[PDB]
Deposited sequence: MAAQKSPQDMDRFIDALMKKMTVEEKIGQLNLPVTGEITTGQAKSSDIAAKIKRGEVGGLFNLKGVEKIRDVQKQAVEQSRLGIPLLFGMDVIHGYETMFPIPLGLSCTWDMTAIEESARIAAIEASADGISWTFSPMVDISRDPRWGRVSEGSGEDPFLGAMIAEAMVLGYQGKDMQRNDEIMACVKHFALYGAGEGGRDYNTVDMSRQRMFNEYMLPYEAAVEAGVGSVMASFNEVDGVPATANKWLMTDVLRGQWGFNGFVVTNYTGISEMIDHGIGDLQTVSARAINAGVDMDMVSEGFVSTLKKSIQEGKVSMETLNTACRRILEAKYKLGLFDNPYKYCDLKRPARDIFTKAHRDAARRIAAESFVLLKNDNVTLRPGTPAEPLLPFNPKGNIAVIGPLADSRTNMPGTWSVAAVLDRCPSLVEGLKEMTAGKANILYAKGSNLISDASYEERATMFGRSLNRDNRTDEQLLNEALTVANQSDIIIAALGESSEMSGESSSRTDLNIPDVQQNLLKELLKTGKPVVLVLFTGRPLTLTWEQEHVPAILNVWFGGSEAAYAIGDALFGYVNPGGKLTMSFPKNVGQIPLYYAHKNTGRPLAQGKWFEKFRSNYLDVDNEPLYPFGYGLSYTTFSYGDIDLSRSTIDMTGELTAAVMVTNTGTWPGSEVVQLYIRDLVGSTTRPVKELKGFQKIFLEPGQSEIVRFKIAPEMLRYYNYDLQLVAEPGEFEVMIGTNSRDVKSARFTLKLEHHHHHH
């Protein structure tokens, strides 16, 4: 067993060698000296194999390395960005996506992924919303579990199973002004009821590692916050793994303003941080700290032990080359089967935001633009229409970017012999040339040249007037989201929005195919564009999936996991909000002396859980099996859902709960369950949810996790706004 092995190995180690197990730098000489615990961001089974060989056969103790990478939403086969993927509301698909990525990365030498990112955010200004699963902690927790299980399986024993890392612990999504890395501040009540569940869920699914976040919490950088890293993570949740810092998280504490390198390094290890990504604070200062009594041997041994336990659990003491099969890349990476899975999952992620009836032939009843049969002349216009490198999305560091088909390319393939695909760039990404450059960093250039916006527009209107339909491929470049990609405006960029206006003015039918990493402020578009399909960033096979949606091969079923506000002045806007002492009643905007603004109502443009289909769904009244239950009972909430339209398709039936009265104020609703059903036209299904006191608990004023007696409102519907309702009492 493990304990004996690790005792024995640790009894042989110098203080230096124990310290070295905590170092995760950016080298061959470092490894020879036992100064390296793992490496990260190295791609290639050949390279990784040789570096491992150096560790195993050229270091004193032969201790093998962890190899980390950001395998976020795929290795080479790119699934949608996680925010888009969350919109599937399909935990099976989500697990599959993480399984596939793990198969691919492990085939290439990777034993550790810095995934899943589970940070709750209600601030769409923050670029890293693209990497999470929205604003809701329940959905977030379900997804966390599915991702950890996809990567790790049961116990990481297989050679296609890798170690996961829940990030970023904790509260990183609440950075002030939506500005990446900025100050976080909240009450402990808010932490537990509104932000912490996804981290806890990952821990409880047996995630092997946790990454400390960049932000402060209660005035202490997370990386030096013992309350977080010991009392909560270990003390409350029982985490038995190790904590890794984020990139230079230790030395950044110097800038935060809590001390010099040695001081903040000691505080981090004493807080419960075990591995030091890049900063070399542990390597360069811990021995001195140990000599001065600032860090005990016991603390060092604990951190070292954790690191070694992770390597044992990965099977790296049994076989250091477990993940270095030179034969596997050809078999496992970027296969047709994987790419087909990604295409399917991509089409499942898209959210149909709008699809109004339009006068398409004179005299006929108006009908929607989507789906349509690929015939005639299909214009595909905009700066996202013919970009390969912008399809996979941010955080695709192992992808071959210029290998993904552009939207034009993919649609051309899919329509060969049936229709003509007419392309026009239409506009730049944005008017400001310097913004376009930083927005298209990391190889996402759109090849901006000297053609002016006016020239670009004029070409596009020429093409548009030769067309039977216009697909406007607009929105963000993929690096307008991700890290250090915060925005103060959330519009479709200026020149693109002008292009869209002008395309609408041709009189031809226009479908907005919207690429984004975040919620955008779309009131103008919701008013004037007949059809809007949010395609997020669908992955390496996005172009094909977009075709599947457009041509009706897939009926869109995605639902939003994050509120789309009307303007930036409404931030933060989220569905699970408190009622206030002065709630504005429905339809009463504007009312003086209620909680409301002078210039806009309180509502998002599109609420949490919103998503349309090519069919329609109708809900009966909710049947509750009990009107009362006690603290040990249960009941069933049933509703019949009928496909009332003409298309087969899926519906995410959503369960919300309102605790009507509380000893503290309680949100107007909370997501507490969901089921994704598929129905043929005319077919019905009775959807049943179990409700029990376990589900009705929350963290009260004293942070006690408790369900209080009183009345509850159970709400079931097609989104967080449009619901059927009923009540019961807890005794």
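Stretches of the deposited sequence left without coordinates are 1 to 8, 35 to 47, 753 to 760, in sequence order.
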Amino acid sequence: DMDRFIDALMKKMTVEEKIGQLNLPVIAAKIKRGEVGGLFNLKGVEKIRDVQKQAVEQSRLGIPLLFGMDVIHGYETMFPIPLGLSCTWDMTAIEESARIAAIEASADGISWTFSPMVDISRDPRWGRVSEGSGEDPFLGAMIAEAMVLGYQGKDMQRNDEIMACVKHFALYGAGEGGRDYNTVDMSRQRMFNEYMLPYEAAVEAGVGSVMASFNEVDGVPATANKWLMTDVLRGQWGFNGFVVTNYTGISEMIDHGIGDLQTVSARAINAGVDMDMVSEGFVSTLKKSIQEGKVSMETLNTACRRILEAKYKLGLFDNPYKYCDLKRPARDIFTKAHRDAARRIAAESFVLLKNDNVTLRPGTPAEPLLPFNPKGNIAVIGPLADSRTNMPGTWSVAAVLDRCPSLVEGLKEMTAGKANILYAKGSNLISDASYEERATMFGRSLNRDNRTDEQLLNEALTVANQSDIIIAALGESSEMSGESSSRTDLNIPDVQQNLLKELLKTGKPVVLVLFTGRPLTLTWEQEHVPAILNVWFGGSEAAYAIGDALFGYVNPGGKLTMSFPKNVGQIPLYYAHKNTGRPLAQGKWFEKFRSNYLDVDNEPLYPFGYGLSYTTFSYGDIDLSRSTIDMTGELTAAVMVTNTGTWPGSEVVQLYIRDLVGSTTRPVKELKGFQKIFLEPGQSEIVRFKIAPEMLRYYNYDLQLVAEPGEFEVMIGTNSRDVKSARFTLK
From here on, numbers count along this sequence of modelled residues.
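Stretch comparison (295 to 303 versus 188 to 196) by mean CA B-factor in the PDB entry places 295 to 303 on top. The stretch with the higher mean CA B factor, choosing between 425 to 433 and 322 to 330, is 322 to 330.
You'll see in the entry that, of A439, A174, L316, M163, the Cα B factor peaks at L316. Each of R518, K592, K154, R344 has a CA temperature factor in the record; the biggest one is found at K154. Placement of the Cα temperature factor of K412 within the chain: highest third of the modelled residues, per the deposited record. Among all modelled residues in its chain, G178 ranks in the lowest third by Cα B-factor. Among all modelled residues in this chain, the alpha-carbon of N700 has a temperature factor (C-alpha) in the middle third. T223: CA B factor lies in the lowest third for its chain, per the PDB record. The entry lists a Cα temperature factor for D70 that places it in the lowest third of the chain's modelled residues.
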